[PDB]
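Please read the structure below before turning to the comments.
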Amino acid sequence: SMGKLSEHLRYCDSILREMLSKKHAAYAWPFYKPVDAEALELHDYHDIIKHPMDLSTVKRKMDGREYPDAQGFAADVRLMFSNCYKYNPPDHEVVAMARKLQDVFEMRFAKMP
Ligand SMILES: CC[C@@H]1C(=O)N(C)c2cnc(Nc3ccc(C(=O)NC4CCN(C)CC4)cc3OC)nc2N1C1CCCC1
């Protein structure tokens with residue numbers, strides 16, 4: 001009722017709900033919550049990744065309407081993927097998992113009306 005920007009943000013809300021849903025859990029689960037570098041014994045993670053990002057943080061910010069437009073939302077989602085590509089060996093399973101989830105994200109985002 002408030003126009004294209006309101007509709008875009010609601011569509012992005014729906015993308016996020018799908019990425020968090022059981023449908024994609026085989027590959028999305030490493031991205032549900034912030035990386036716990038202490039628990040994973042990754043003593044270099046925060047030295048390499050300066051801006052951690054994950055789906056629960058995107059959800060908090062999106063629910064608080066902290067993204068001014070859909071491009072702001074997309075930047076944080078893509079930052080999450082980019083962190084995974086930057087930190088891990090390129091042939092690691094987690095990179096393939098990030099790419100499977102990004103395939104979903106980019107497909108849905110491309111079809112935003
Ligand atoms: C932060 C680096 C990278 C990344 O980018 N993200 C996003 C990530 C997000 N979440 C996780 N989470 C878990 C990852 C592995 C395990 C696990 O159970 N590993 C077993 C432990 C015993 N044995 C060695 C066999 C394997 C549990 C996890 O959550 C509790 N891992 C992530 N990885 C991986 C971390 C090391 C390789 C890559």
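Convention: chains lettered A, B, ... in structure tokens order; per-chain residue numbering from 1; ligands numbered from 1 as shown.
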
Near-ligand residues for ligand 1, threshold 6 Å, only C-alpha atoms and all ligand atoms, as a list in words: residues 30, 31, 35, 84 and 94 of chain A

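Each of A:110, A:80, A:23, A:70 was checked against residue A:7 using only C-alpha atoms; the smallest atom-to-atom distance is that of A:70.
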
A:72, A:3, A:34, A:113 ranked by distance to residue A:57, top pick (using only C-alpha atoms): A:34

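Here atom CA of residue A:53 stands at a distance of 19.1 Å from atom CA of residue A:9.
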
Coordinates-based distance that separates atom CA of residue A:28 from atom CA of residue A:71 (Å, one decimal):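 Separating atom CA of residue A:71 from atom CA of residue A:28 is a distance of 21.3 Å.
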
Shell of 10 Å around residue A:78, only C-alpha atoms, local chain residues under 3 positions omitted, as JSON, numbers by chain: {"A": [53, 54, 73, 74, 75, 81, 82, 83, 84, 102, 105, 106]}

Mind dumping the selected residues with C-alpha atoms as an mmCIF file, in the first residue's frame?
data_model
loop_
_atom_site.group_PDB
_atom_site.id
_atom_site.type_symbol
_atom_site.label_atom_id
_atom_site.label_comp_id
_atom_site.auth_asym_id
_atom_site.auth_seq_id
_atom_site.Cartn_x
_atom_site.Cartn_y
_atom_site.Cartn_z
ATOM 1 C CA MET A 53 27.895 -11.644 9.005
ATOM 2 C CA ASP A 54 25.261 -14.375 9.272
ATOM 3 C CA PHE A 73 20.005 -6.080 2.506
ATOM 4 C CA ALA A 74 21.704 -7.821 -0.427
ATOM 5 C CA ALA A 75 25.082 -6.354 0.538
ATOM 6 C CA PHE A 81 29.081 -15.454 1.393
ATOM 7 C CA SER A 82 32.220 -13.426 0.629
ATOM 8 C CA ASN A 83 33.562 -14.021 4.147
ATOM 9 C CA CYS A 84 33.233 -17.758 3.555
ATOM 10 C CA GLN A 102 24.057 -18.188 -2.832
ATOM 11 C CA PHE A 105 19.693 -16.189 -2.936
ATOM 12 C CA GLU A 106 20.734 -14.821 -6.332
#

Selection near stretch 13-15 of chain A, 9 Å with only C-alpha atoms, sequence-local residues under 2 positions removed, as a list in words: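 The residues satisfying every condition are residues 8, 9, 10, 11, 17, 18, 19, 20, 59, 62, 63, 104, 105, 108 and 109 of chain A.
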
Which of A:26, A:101, A:42, A:5 sits closest to residue A:68 [using only C-alpha atoms]: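 The shortest atom-to-atom distance to residue A:68 comes from A:5.
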
Interatomic distance, atom CA of residue A:79 to atom CA of residue A:49 (Å, one decimal):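 It comes out at 10.2 Å.
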